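K.L.:
start26.pdb is the file, holding PDB, C-alpha atoms and all ligand atoms:
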```pdb
ATOM      1  CA  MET H   1       7.512   4.849 -12.160  1.00  0.00           C
ATOM      2  CA  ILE H   2       6.905   4.145  -8.532  1.00  0.00           C
ATOM      3  CA  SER H   3       3.472   4.208  -6.810  1.00  0.00           C
ATOM      4  CA  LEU H   4       2.229   3.835  -3.403  1.00  0.00           C
ATOM      5  CA  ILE H   5      -1.017   2.192  -2.742  1.00  0.00           C
ATOM      6  CA  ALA H   6      -2.731   2.600   0.588  1.00  0.00           C
ATOM      7  CA  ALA H   7      -5.920   2.742   2.568  1.00  0.00           C
ATOM      8  CA  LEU H   8      -6.178   5.406   5.190  1.00  0.00           C
ATOM      9  CA  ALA H   9      -8.700   5.877   7.934  1.00  0.00           C
ATOM     10  CA  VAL H  10      -9.129   9.084   9.838  1.00  0.00           C
ATOM     11  CA  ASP H  11      -5.894  10.773  10.829  1.00  0.00           C
ATOM     12  CA  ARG H  12      -3.876   9.046   8.237  1.00  0.00           C
ATOM     13  CA  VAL H  13      -4.131   5.954  10.400  1.00  0.00           C
ATOM     14  CA  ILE H  14      -2.957   2.882   8.440  1.00  0.00           C
ATOM     15  CA  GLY H  15      -3.228   0.176  11.103  1.00  0.00           C
ATOM     16  CA  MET H  16      -2.900  -1.296  14.629  1.00  0.00           C
ATOM     17  CA  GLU H  17      -0.942  -4.356  15.846  1.00  0.00           C
ATOM     18  CA  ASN H  18       0.199  -5.601  12.516  1.00  0.00           C
ATOM     19  CA  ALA H  19      -3.343  -5.271  11.362  1.00  0.00           C
ATOM     20  CA  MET H  20      -5.895  -3.012   9.751  1.00  0.00           C
ATOM     21  CA  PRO H  21      -8.625  -1.731  11.927  1.00  0.00           C
ATOM     22  CA  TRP H  22     -11.251  -2.495   9.368  1.00  0.00           C
ATOM     23  CA  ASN H  23     -12.564  -4.899   6.897  1.00  0.00           C
ATOM     24  CA  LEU H  24     -13.323  -3.651   3.436  1.00  0.00           C
ATOM     25  CA  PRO H  25     -13.518  -6.382   0.923  1.00  0.00           C
ATOM     26  CA  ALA H  26     -14.013  -3.738  -1.602  1.00  0.00           C
ATOM     27  CA  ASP H  27     -10.707  -2.146  -0.930  1.00  0.00           C
ATOM     28  CA  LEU H  28      -8.967  -5.431  -1.356  1.00  0.00           C
ATOM     29  CA  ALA H  29     -10.665  -5.600  -4.645  1.00  0.00           C
ATOM     30  CA  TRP H  30      -9.651  -2.275  -5.791  1.00  0.00           C
ATOM     31  CA  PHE H  31      -6.201  -3.002  -4.379  1.00  0.00           C
ATOM     32  CA  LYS H  32      -5.881  -6.139  -6.399  1.00  0.00           C
ATOM     33  CA  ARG H  33      -7.242  -4.492  -9.458  1.00  0.00           C
ATOM     34  CA  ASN H  34      -4.561  -1.940  -9.202  1.00  0.00           C
ATOM     35  CA  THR H  35      -1.779  -4.361  -8.625  1.00  0.00           C
ATOM     36  CA  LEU H  36      -2.440  -7.358 -10.891  1.00  0.00           C
ATOM     37  CA  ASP H  37       0.414  -7.859 -13.144  1.00  0.00           C
ATOM     38  CA  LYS H  38       2.912  -5.493 -11.459  1.00  0.00           C
ATOM     39  CA  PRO H  39       5.661  -6.014  -8.986  1.00  0.00           C
ATOM     40  CA  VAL H  40       4.781  -5.271  -5.435  1.00  0.00           C
ATOM     41  CA  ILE H  41       7.235  -4.087  -2.920  1.00  0.00           C
ATOM     42  CA  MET H  42       6.265  -4.787   0.651  1.00  0.00           C
ATOM     43  CA  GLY H  43       7.985  -5.178   4.198  1.00  0.00           C
ATOM     44  CA  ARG H  44       8.547  -7.991   6.596  1.00  0.00           C
ATOM     45  CA  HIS H  45       5.541  -6.944   8.674  1.00  0.00           C
ATOM     46  CA  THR H  46       3.193  -6.364   5.867  1.00  0.00           C
ATOM     47  CA  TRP H  47       4.360  -9.613   4.439  1.00  0.00           C
ATOM     48  CA  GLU H  48       3.782 -11.355   7.514  1.00  0.00           C
ATOM     49  CA  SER H  49       0.213 -10.157   7.582  1.00  0.00           C
ATOM     50  CA  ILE H  50      -0.382 -11.271   4.026  1.00  0.00           C
ATOM     51  CA  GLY H  51       1.079 -14.773   4.719  1.00  0.00           C
ATOM     52  CA  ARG H  52       1.305 -16.078   1.164  1.00  0.00           C
ATOM     53  CA  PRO H  53       2.248 -14.790  -2.170  1.00  0.00           C
ATOM     54  CA  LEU H  54       0.090 -12.655  -4.224  1.00  0.00           C
ATOM     55  CA  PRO H  55      -0.910 -14.234  -7.343  1.00  0.00           C
ATOM     56  CA  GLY H  56      -0.418 -12.476 -10.632  1.00  0.00           C
ATOM     57  CA  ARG H  57       2.247 -10.214  -9.222  1.00  0.00           C
ATOM     58  CA  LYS H  58       6.000 -10.272  -8.489  1.00  0.00           C
ATOM     59  CA  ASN H  59       6.229 -10.328  -4.618  1.00  0.00           C
ATOM     60  CA  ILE H  60       9.365  -8.450  -3.482  1.00  0.00           C
ATOM     61  CA  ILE H  61      10.104  -8.324   0.249  1.00  0.00           C
ATOM     62  CA  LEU H  62      12.342  -6.031   2.420  1.00  0.00           C
ATOM     63  CA  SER H  63      14.145  -7.602   5.176  1.00  0.00           C
ATOM     64  CA  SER H  64      17.408  -6.968   6.633  1.00  0.00           C
ATOM     65  CA  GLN H  65      17.482 -10.612   7.407  1.00  0.00           C
ATOM     66  CA  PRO H  66      17.156 -13.905   5.500  1.00  0.00           C
ATOM     67  CA  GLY H  67      14.316 -14.894   3.107  1.00  0.00           C
ATOM     68  CA  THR H  68      11.984 -17.460   4.609  1.00  0.00           C
ATOM     69  CA  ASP H  69       9.735 -18.600   1.876  1.00  0.00           C
ATOM     70  CA  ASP H  70      11.319 -19.501  -1.354  1.00  0.00           C
ATOM     71  CA  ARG H  71       8.214 -18.528  -3.278  1.00  0.00           C
ATOM     72  CA  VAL H  72       8.907 -14.845  -2.845  1.00  0.00           C
ATOM     73  CA  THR H  73      11.986 -12.645  -3.742  1.00  0.00           C
ATOM     74  CA  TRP H  74      13.588 -10.955  -0.679  1.00  0.00           C
ATOM     75  CA  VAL H  75      15.793  -7.861  -0.441  1.00  0.00           C
ATOM     76  CA  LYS H  76      18.027  -5.899   1.919  1.00  0.00           C
ATOM     77  CA  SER H  77      17.897  -2.491   0.305  1.00  0.00           C
ATOM     78  CA  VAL H  78      15.599   0.006  -1.321  1.00  0.00           C
ATOM     79  CA  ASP H  79      17.885  -0.007  -4.316  1.00  0.00           C
ATOM     80  CA  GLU H  80      17.855  -3.798  -4.313  1.00  0.00           C
ATOM     81  CA  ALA H  81      14.075  -3.807  -4.225  1.00  0.00           C
ATOM     82  CA  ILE H  82      14.005  -1.321  -6.910  1.00  0.00           C
ATOM     83  CA  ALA H  83      16.370  -3.417  -8.858  1.00  0.00           C
ATOM     84  CA  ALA H  84      14.512  -6.598  -8.294  1.00  0.00           C
ATOM     85  CA  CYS H  85      11.640  -5.089 -10.373  1.00  0.00           C
ATOM     86  CA  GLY H  86      13.092  -4.523 -13.707  1.00  0.00           C
ATOM     87  CA  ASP H  87      11.986  -2.866 -16.815  1.00  0.00           C
ATOM     88  CA  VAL H  88       8.481  -2.172 -15.728  1.00  0.00           C
ATOM     89  CA  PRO H  89       6.455   0.968 -16.313  1.00  0.00           C
ATOM     90  CA  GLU H  90       5.170   0.985 -12.707  1.00  0.00           C
ATOM     91  CA  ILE H  91       6.280  -0.441  -9.462  1.00  0.00           C
ATOM     92  CA  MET H  92       3.787  -0.748  -6.661  1.00  0.00           C
ATOM     93  CA  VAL H  93       4.741  -0.043  -3.093  1.00  0.00           C
ATOM     94  CA  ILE H  94       2.239  -1.739  -0.806  1.00  0.00           C
ATOM     95  CA  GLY H  95       3.351  -0.906   2.753  1.00  0.00           C
ATOM     96  CA  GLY H  96       3.725  -0.892   5.607  1.00  0.00           C
ATOM     97  CA  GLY H  97       4.699   2.229   7.538  1.00  0.00           C
ATOM     98  CA  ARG H  98       8.450   2.468   7.320  1.00  0.00           C
ATOM     99  CA  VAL H  99       8.434   1.447   3.732  1.00  0.00           C
ATOM    100  CA  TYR H 100       5.950   4.081   2.731  1.00  0.00           C
ATOM    101  CA  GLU H 101       8.047   6.647   4.600  1.00  0.00           C
ATOM    102  CA  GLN H 102      11.002   5.692   2.393  1.00  0.00           C
ATOM    103  CA  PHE H 103       9.506   5.531  -1.027  1.00  0.00           C
ATOM    104  CA  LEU H 104       7.117   8.359  -0.817  1.00  0.00           C
ATOM    105  CA  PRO H 105       9.717  10.769  -2.024  1.00  0.00           C
ATOM    106  CA  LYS H 106      10.314   8.601  -5.179  1.00  0.00           C
ATOM    107  CA  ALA H 107       6.639   8.103  -5.855  1.00  0.00           C
ATOM    108  CA  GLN H 108       4.788  10.052  -8.537  1.00  0.00           C
ATOM    109  CA  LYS H 109       1.321   8.691  -8.113  1.00  0.00           C
ATOM    110  CA  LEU H 110      -0.948   7.524  -5.278  1.00  0.00           C
ATOM    111  CA  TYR H 111      -3.938   5.338  -5.049  1.00  0.00           C
ATOM    112  CA  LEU H 112      -5.778   6.092  -1.938  1.00  0.00           C
ATOM    113  CA  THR H 113      -8.703   4.650  -0.236  1.00  0.00           C
ATOM    114  CA  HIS H 114     -10.095   7.138   2.225  1.00  0.00           C
ATOM    115  CA  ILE H 115     -12.061   5.172   4.798  1.00  0.00           C
ATOM    116  CA  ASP H 116     -14.617   7.135   6.891  1.00  0.00           C
ATOM    117  CA  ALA H 117     -13.831   5.731  10.262  1.00  0.00           C
ATOM    118  CA  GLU H 118     -12.162   7.241  13.259  1.00  0.00           C
ATOM    119  CA  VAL H 119     -10.003   4.512  14.782  1.00  0.00           C
ATOM    120  CA  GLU H 120      -7.012   4.378  16.959  1.00  0.00           C
ATOM    121  CA  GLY H 121      -3.890   3.130  15.291  1.00  0.00           C
ATOM    122  CA  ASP H 122      -0.208   2.811  15.836  1.00  0.00           C
ATOM    123  CA  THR H 123       0.935   3.458  12.246  1.00  0.00           C
ATOM    124  CA  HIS H 124       0.086   6.505  10.223  1.00  0.00           C
ATOM    125  CA  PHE H 125       0.849   7.447   6.679  1.00  0.00           C
ATOM    126  CA  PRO H 126       3.712   9.660   5.496  1.00  0.00           C
ATOM    127  CA  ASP H 127       2.615  13.123   5.472  1.00  0.00           C
ATOM    128  CA  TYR H 128       2.239  14.039   1.828  1.00  0.00           C
ATOM    129  CA  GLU H 129       1.826  17.695   0.907  1.00  0.00           C
ATOM    130  CA  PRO H 130      -1.023  18.866  -1.121  1.00  0.00           C
ATOM    131  CA  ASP H 131       0.935  21.355  -3.087  1.00  0.00           C
ATOM    132  CA  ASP H 132       2.857  18.679  -4.766  1.00  0.00           C
ATOM    133  CA  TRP H 133       0.029  16.463  -5.721  1.00  0.00           C
ATOM    134  CA  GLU H 134      -2.796  16.823  -8.169  1.00  0.00           C
ATOM    135  CA  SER H 135      -5.923  14.716  -7.371  1.00  0.00           C
ATOM    136  CA  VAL H 136      -6.908  13.184 -10.626  1.00  0.00           C
ATOM    137  CA  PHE H 137      -9.599  10.788  -9.638  1.00  0.00           C
ATOM    138  CA  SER H 138     -12.175  10.157  -6.975  1.00  0.00           C
ATOM    139  CA  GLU H 139     -14.859   7.611  -6.460  1.00  0.00           C
ATOM    140  CA  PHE H 140     -17.221   7.380  -3.598  1.00  0.00           C
ATOM    141  CA  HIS H 141     -19.056   4.514  -1.951  1.00  0.00           C
ATOM    142  CA  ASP H 142     -21.343   4.166   0.898  1.00  0.00           C
ATOM    143  CA  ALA H 143     -21.064   1.520   3.530  1.00  0.00           C
ATOM    144  CA  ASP H 144     -22.814  -1.797   2.870  1.00  0.00           C
ATOM    145  CA  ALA H 145     -23.645  -5.227   4.003  1.00  0.00           C
ATOM    146  CA  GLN H 146     -19.873  -6.077   3.613  1.00  0.00           C
ATOM    147  CA  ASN H 147     -18.052  -2.866   3.805  1.00  0.00           C
ATOM    148  CA  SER H 148     -19.147  -1.560   7.103  1.00  0.00           C
ATOM    149  CA  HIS H 149     -17.766   1.926   6.321  1.00  0.00           C
ATOM    150  CA  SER H 150     -17.978   4.345   3.553  1.00  0.00           C
ATOM    151  CA  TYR H 151     -14.899   4.977   1.530  1.00  0.00           C
ATOM    152  CA  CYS H 152     -13.492   6.851  -1.265  1.00  0.00           C
ATOM    153  CA  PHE H 153     -10.926   6.116  -3.796  1.00  0.00           C
ATOM    154  CA  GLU H 154      -8.612   8.634  -5.127  1.00  0.00           C
ATOM    155  CA  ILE H 155      -5.818   9.036  -7.481  1.00  0.00           C
ATOM    156  CA  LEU H 156      -3.108  11.700  -7.281  1.00  0.00           C
ATOM    157  CA  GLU H 157      -0.234  12.444  -9.503  1.00  0.00           C
ATOM    158  CA  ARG H 158       2.720  14.276  -8.227  1.00  0.00           C
ATOM    159  CA  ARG H 159       2.450  17.656  -9.778  1.00  0.00           C
TER     160      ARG H 159
HETATM  161  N1  LIG P 201      -3.526   0.332   5.431  1.00  0.00           N
HETATM  162  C1  LIG P 201      -2.771   0.077   4.367  1.00  0.00           C
HETATM  163  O1  LIG P 201      -2.916   0.744   3.315  1.00  0.00           O
HETATM  164  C2  LIG P 201      -1.605  -0.786   4.526  1.00  0.00           C
HETATM  165  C3  LIG P 201      -0.730  -1.362   3.362  1.00  0.00           C
HETATM  166  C4  LIG P 201       0.367  -2.187   4.049  1.00  0.00           C
HETATM  167  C5  LIG P 201       0.500  -2.335   5.318  1.00  0.00           C
HETATM  168  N2  LIG P 201      -0.354  -1.768   6.238  1.00  0.00           N
HETATM  169  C6  LIG P 201      -0.236  -1.891   7.766  1.00  0.00           C
HETATM  170  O2  LIG P 201       1.095  -1.339   8.057  1.00  0.00           O
HETATM  171  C7  LIG P 201       1.349  -1.767   9.459  1.00  0.00           C
HETATM  172  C8  LIG P 201       2.789  -2.402   9.409  1.00  0.00           C
HETATM  173  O3  LIG P 201       3.896  -1.599   8.759  1.00  0.00           O
HETATM  174  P1  LIG P 201       5.348  -1.368   9.418  1.00  0.00           P
HETATM  175  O4  LIG P 201       5.967  -0.130   8.912  1.00  0.00           O
HETATM  176  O5  LIG P 201       5.316  -1.655  10.878  1.00  0.00           O
HETATM  177  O6  LIG P 201       6.083  -2.605   8.678  1.00  0.00           O
HETATM  178  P2  LIG P 201       6.550  -2.813   7.166  1.00  0.00           P
HETATM  179  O7  LIG P 201       7.098  -1.604   6.519  1.00  0.00           O
HETATM  180  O8  LIG P 201       5.501  -3.619   6.520  1.00  0.00           O
HETATM  181  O9  LIG P 201       7.684  -3.750   7.790  1.00  0.00           O
HETATM  182  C9  LIG P 201       8.962  -3.194   8.203  1.00  0.00           C
HETATM  183  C10 LIG P 201      10.143  -4.135   8.124  1.00  0.00           C
HETATM  184  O10 LIG P 201      10.835  -3.810   6.943  1.00  0.00           O
HETATM  185  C11 LIG P 201      12.215  -4.232   7.012  1.00  0.00           C
HETATM  186  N3  LIG P 201      12.736  -3.161   6.256  1.00  0.00           N
HETATM  187  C12 LIG P 201      12.163  -1.951   5.942  1.00  0.00           C
HETATM  188  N4  LIG P 201      12.888  -1.188   5.193  1.00  0.00           N
HETATM  189  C13 LIG P 201      14.022  -1.938   4.968  1.00  0.00           C
HETATM  190  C14 LIG P 201      15.170  -1.699   4.252  1.00  0.00           C
HETATM  191  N5  LIG P 201      15.439  -0.586   3.565  1.00  0.00           N
HETATM  192  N6  LIG P 201      16.105  -2.665   4.233  1.00  0.00           N
HETATM  193  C15 LIG P 201      15.857  -3.772   4.911  1.00  0.00           C
HETATM  194  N7  LIG P 201      14.799  -4.119   5.636  1.00  0.00           N
HETATM  195  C16 LIG P 201      13.934  -3.162   5.614  1.00  0.00           C
HETATM  196  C17 LIG P 201      12.597  -4.380   8.492  1.00  0.00           C
HETATM  197  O11 LIG P 201      12.709  -5.792   8.537  1.00  0.00           O
HETATM  198  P3  LIG P 201      13.370  -6.906   9.582  1.00  0.00           P
HETATM  199  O12 LIG P 201      12.423  -7.854  10.325  1.00  0.00           O
HETATM  200  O13 LIG P 201      14.047  -7.641   8.380  1.00  0.00           O
HETATM  201  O14 LIG P 201      14.318  -6.246  10.559  1.00  0.00           O
HETATM  202  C18 LIG P 201      11.300  -3.777   9.073  1.00  0.00           C
HETATM  203  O15 LIG P 201      10.944  -4.309  10.315  1.00  0.00           O
HETATM  204  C19 LIG P 201       0.211  -2.819   9.679  1.00  0.00           C
HETATM  205  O16 LIG P 201      -0.777  -2.791  10.639  1.00  0.00           O
HETATM  206  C20 LIG P 201      -0.302  -3.233   8.278  1.00  0.00           C
HETATM  207  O17 LIG P 201      -1.457  -3.966   8.322  1.00  0.00           O
HETATM  208  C21 LIG P 201      -1.420  -0.967   5.817  1.00  0.00           C
HETATM  209  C1  LIG P 202      -2.718  -7.100   4.710  1.00  0.00           C
HETATM  210  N1  LIG P 202      -2.739  -6.649   3.303  1.00  0.00           N
HETATM  211  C2  LIG P 202      -1.971  -5.458   2.922  1.00  0.00           C
HETATM  212  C3  LIG P 202      -2.895  -4.489   2.320  1.00  0.00           C
HETATM  213  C4  LIG P 202      -4.294  -4.577   2.348  1.00  0.00           C
HETATM  214  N2  LIG P 202      -5.130  -3.716   1.822  1.00  0.00           N
HETATM  215  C5  LIG P 202      -4.512  -2.683   1.223  1.00  0.00           C
HETATM  216  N3  LIG P 202      -5.384  -1.808   0.559  1.00  0.00           N
HETATM  217  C6  LIG P 202      -4.842  -0.837  -0.201  1.00  0.00           C
HETATM  218  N4  LIG P 202      -5.514   0.027  -0.876  1.00  0.00           N
HETATM  219  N5  LIG P 202      -3.427  -0.737  -0.271  1.00  0.00           N
HETATM  220  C7  LIG P 202      -2.571  -1.563   0.383  1.00  0.00           C
HETATM  221  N6  LIG P 202      -1.293  -1.459   0.311  1.00  0.00           N
HETATM  222  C8  LIG P 202      -3.175  -2.584   1.166  1.00  0.00           C
HETATM  223  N7  LIG P 202      -2.323  -3.465   1.694  1.00  0.00           N
HETATM  224  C9  LIG P 202      -3.288  -7.412   2.292  1.00  0.00           C
HETATM  225  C10 LIG P 202      -4.022  -8.512   2.740  1.00  0.00           C
HETATM  226  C11 LIG P 202      -4.590  -9.326   1.855  1.00  0.00           C
HETATM  227  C12 LIG P 202      -4.464  -9.113   0.501  1.00  0.00           C
HETATM  228  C13 LIG P 202      -5.121  -9.993  -0.466  1.00  0.00           C
HETATM  229  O1  LIG P 202      -5.873 -10.900  -0.093  1.00  0.00           O
HETATM  230  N8  LIG P 202      -5.259  -9.630  -1.677  1.00  0.00           N
HETATM  231  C14 LIG P 202      -6.059 -10.414  -2.634  1.00  0.00           C
HETATM  232  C15 LIG P 202      -7.538  -9.855  -2.677  1.00  0.00           C
HETATM  233  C16 LIG P 202      -8.825 -10.830  -2.394  1.00  0.00           C
HETATM  234  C17 LIG P 202      -8.873 -11.579  -1.006  1.00  0.00           C
HETATM  235  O2  LIG P 202      -8.325 -11.197   0.060  1.00  0.00           O
HETATM  236  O3  LIG P 202      -9.513 -12.654  -1.127  1.00  0.00           O
HETATM  237  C18 LIG P 202      -5.446 -10.114  -3.979  1.00  0.00           C
HETATM  238  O4  LIG P 202      -5.584 -11.010  -4.779  1.00  0.00           O
HETATM  239  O5  LIG P 202      -4.806  -9.048  -4.222  1.00  0.00           O
HETATM  240  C19 LIG P 202      -3.739  -8.012   0.074  1.00  0.00           C
HETATM  241  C20 LIG P 202      -3.116  -7.138   0.985  1.00  0.00           C
END
```
Would you kindly transcribe this structure into structure tokens?
Ligand SMILES: NC(=O)c1ccc[n+]([C@@H]2O[C@H](COP(=O)([O-])OP(=O)(O)OC[C@H]3O[C@@H](n4cnc5c(N)ncnc54)[C@H](OP(=O)(O)O)[C@@H]3O)[C@@H](O)[C@H]2O)c1
Ligand SMILES: CN(Cc1cnc2nc(N)nc(N)c2n1)c1ccc(C(=O)N[C@@H](CCC(=O)O)C(=O)O)cc1

P.N.:
Amino acid sequence: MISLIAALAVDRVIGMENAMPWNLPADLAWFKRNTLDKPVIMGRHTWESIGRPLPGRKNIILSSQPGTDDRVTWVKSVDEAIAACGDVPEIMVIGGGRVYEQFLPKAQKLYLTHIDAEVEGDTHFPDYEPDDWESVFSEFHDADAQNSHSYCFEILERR
């Protein structure tokens, strides 16, 4: 199966200027926990923000254009990307915008990080529709020394 993994602030805002308007070390942690050992599909922009491969996971990139780091596997099509994974039980789609937009429909599970912060952003998340999804997991956390905002994890299966 396919899965999207994202962190959303208030208004489904996912980021500003090739960045994330926040800093939650704890999300990264949860993020990694959820991805370790699985293939991650990302996009040229996302990729560019990461800047280096992600250890323990198969880094697949989407670019219309030519691969520019031999360390990571590049692709020119959703189908390619999807191909590039293989016989795995779960493929993780890690962003950004456009990519989410495109795989949402194929997804069957979501790992969300609801961040309690109202911030302006230029990229929002694909509008999912409640009806379809069944929240099967939540986990709250208050802001801290390091995670300046409170946040909540959630897991939803497509009903
Ligand atoms: N908050 C989170 O949960 C989360 C997770 C990831 C990313 N993000 C944020 O998302 C924002 C950036 O996302 P974005 O949508 O602008 O970029 P993106 O999806 O990361 O990058 C888009 C690039 O994908 C390539 N592409 C996409 N679909 C393709 C396809 N089917 N075939 C070929 N190439 C394809 C194009 O590449 P070319 O250059 O090859 O034309 C396109 O410019 C950021 O601020 C980032 O930090 C947030
Ligand atoms: C910019 N970006 C994309 C990013 C970030 N947080 C997200 N958070 C969630 N929940 N989902 C995403 N798709 C997501 N994507 C990043 C940036 C850094 C790392 C990264 O450093 N990951 C380390 C975590 C520890 C660290 O940064 O030192 C890992 O090993 O997975 C991952 C994604």

K.L.:
For the structure provided, state which residues fall under the PyMOL selection byres (((not hetatm)) within 10 of (chain P and resi 202)), and present them as a PyMOL selection string.

P.N.:
chain H and resi 4-8+14-15+18-20+22-36+40-42+45-57+92-96+100+110-114+153

K.L.:
If we draw a sphere of 12 Å around (9.5, 5.8, 2.1), which residues have at least one atom in it when counting only C-alpha atoms? Please report them as a PDB file with C-alpha atoms, in the coordinates of the input.

P.N.:
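File selection04.pdb, as written:
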```
ATOM      1  CA  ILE H   2       6.905   4.145  -8.532  1.00  0.00           C
ATOM      2  CA  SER H   3       3.472   4.208  -6.810  1.00  0.00           C
ATOM      3  CA  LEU H   4       2.229   3.835  -3.403  1.00  0.00           C
ATOM      4  CA  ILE H  41       7.235  -4.087  -2.920  1.00  0.00           C
ATOM      5  CA  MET H  42       6.265  -4.787   0.651  1.00  0.00           C
ATOM      6  CA  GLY H  43       7.985  -5.178   4.198  1.00  0.00           C
ATOM      7  CA  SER H  77      17.897  -2.491   0.305  1.00  0.00           C
ATOM      8  CA  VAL H  78      15.599   0.006  -1.321  1.00  0.00           C
ATOM      9  CA  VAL H  93       4.741  -0.043  -3.093  1.00  0.00           C
ATOM     10  CA  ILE H  94       2.239  -1.739  -0.806  1.00  0.00           C
ATOM     11  CA  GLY H  95       3.351  -0.906   2.753  1.00  0.00           C
ATOM     12  CA  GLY H  96       3.725  -0.892   5.607  1.00  0.00           C
ATOM     13  CA  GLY H  97       4.699   2.229   7.538  1.00  0.00           C
ATOM     14  CA  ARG H  98       8.450   2.468   7.320  1.00  0.00           C
ATOM     15  CA  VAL H  99       8.434   1.447   3.732  1.00  0.00           C
ATOM     16  CA  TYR H 100       5.950   4.081   2.731  1.00  0.00           C
ATOM     17  CA  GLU H 101       8.047   6.647   4.600  1.00  0.00           C
ATOM     18  CA  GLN H 102      11.002   5.692   2.393  1.00  0.00           C
ATOM     19  CA  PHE H 103       9.506   5.531  -1.027  1.00  0.00           C
ATOM     20  CA  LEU H 104       7.117   8.359  -0.817  1.00  0.00           C
ATOM     21  CA  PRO H 105       9.717  10.769  -2.024  1.00  0.00           C
ATOM     22  CA  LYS H 106      10.314   8.601  -5.179  1.00  0.00           C
ATOM     23  CA  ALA H 107       6.639   8.103  -5.855  1.00  0.00           C
ATOM     24  CA  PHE H 125       0.849   7.447   6.679  1.00  0.00           C
ATOM     25  CA  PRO H 126       3.712   9.660   5.496  1.00  0.00           C
ATOM     26  CA  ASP H 127       2.615  13.123   5.472  1.00  0.00           C
ATOM     27  CA  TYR H 128       2.239  14.039   1.828  1.00  0.00           C
TER      28      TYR H 128
END
```

K.L.:
Quick one, how far is atom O15 of ligand LIG 201 (chain P) from CA of residue 17 in chain H?

P.N.:
13.1 Å

K.L.:
CA of residue 156 in chain H and CA of residue 117 in chain H are how many Å apart?

P.N.:
21.4 Å

K.L.:
Please report the interatomic distance between atom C15 of ligand LIG 201 (chain P) and CA of residue 133 in chain H in Å with one decimal.

P.N.:
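Taking atom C15 of ligand LIG 201 (chain P) and CA of residue 133 in chain H, their separation equals 27.8 Å.
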
K.L.:
Could you check the closest approach to ligand LIG 201 (chain P) for each of H:87, H:69, H:79, H:37 and tell me which residue wins, using only C-alpha atoms and all ligand atoms?

P.N.:
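Looking only at the distances to ligand LIG 201 (chain P), the closest residue turns out to be H:79.
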
K.L.:
With a distance cut-off of 12 Å and all atoms listed in the file, select the neighbouring residues of residue 86 in chain H, excluding the residue or stretch itself and same-chain residues fewer than 2 positions from it, and output the selection as a list in words.

P.N.:
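The residues satisfying every condition are residues 1, 2, 38, 39, 40, 58, 60, 79, 80, 81, 82, 83, 84, 88, 89, 90 and 91 of chain H.
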
K.L.:
Pick out the closest residue to ligand LIG 201 (chain P) from this set: H:108, H:123, H:68, H:73. Count only C-alpha atoms and all ligand atoms.

P.N.:
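Among H:108, H:123, H:68, H:73, it is H:123 that comes nearest to ligand LIG 201 (chain P).
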
K.L.:
Could you put an axis-aligned box around every listed atom of ligand LIG 201 (chain P), padded by 4 Å on each side, and send me its centre and edge lengths in Å to one decimal, as AutoDock Vina command-line options?

P.N.:
```
--center_x 6.3 --center_y -3.6 --center_z 7.1 --size_x 27.6 --size_y 16.6 --size_z 15.6
```

K.L.:
For range 111-122 of chain H, which lacks atoms in the input, supply N, CA and C atoms and format the output as a compact mmCIF listing (two decimals), keeping the file's coordinate frame.

P.N.:
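What ended up in selection-v3.txt:
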```txt
# COMPACT_ATOMS: atom_id res chain seq x y z
N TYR H 111 -2.68 6.00 -5.03
CA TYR H 111 -3.94 5.34 -5.05
C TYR H 111 -4.36 5.25 -3.63
N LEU H 112 -5.32 6.09 -3.29
CA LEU H 112 -5.78 6.09 -1.94
C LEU H 112 -7.20 5.64 -1.75
N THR H 113 -7.41 5.10 -0.61
CA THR H 113 -8.70 4.65 -0.24
C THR H 113 -8.98 5.40 1.06
N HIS H 114 -9.83 6.42 1.02
CA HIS H 114 -10.10 7.14 2.22
C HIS H 114 -11.23 6.39 2.91
N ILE H 115 -11.02 5.91 4.09
CA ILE H 115 -12.06 5.17 4.80
C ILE H 115 -12.70 6.16 5.80
N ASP H 116 -14.02 6.21 5.94
CA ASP H 116 -14.62 7.14 6.89
C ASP H 116 -14.82 6.48 8.22
N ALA H 117 -13.76 6.35 8.96
CA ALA H 117 -13.83 5.73 10.26
C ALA H 117 -12.73 6.32 11.13
N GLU H 118 -13.09 6.68 12.33
CA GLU H 118 -12.16 7.24 13.26
C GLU H 118 -11.66 6.12 14.13
N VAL H 119 -10.44 5.61 13.92
CA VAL H 119 -10.00 4.51 14.78
C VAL H 119 -8.60 4.69 15.21
N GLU H 120 -8.32 4.28 16.42
CA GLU H 120 -7.01 4.38 16.96
C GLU H 120 -6.07 3.45 16.20
N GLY H 121 -4.86 3.91 15.99
CA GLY H 121 -3.89 3.13 15.29
C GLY H 121 -2.51 3.56 15.68
N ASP H 122 -1.60 2.63 15.52
CA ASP H 122 -0.21 2.81 15.84
C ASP H 122 0.69 3.12 14.66
```
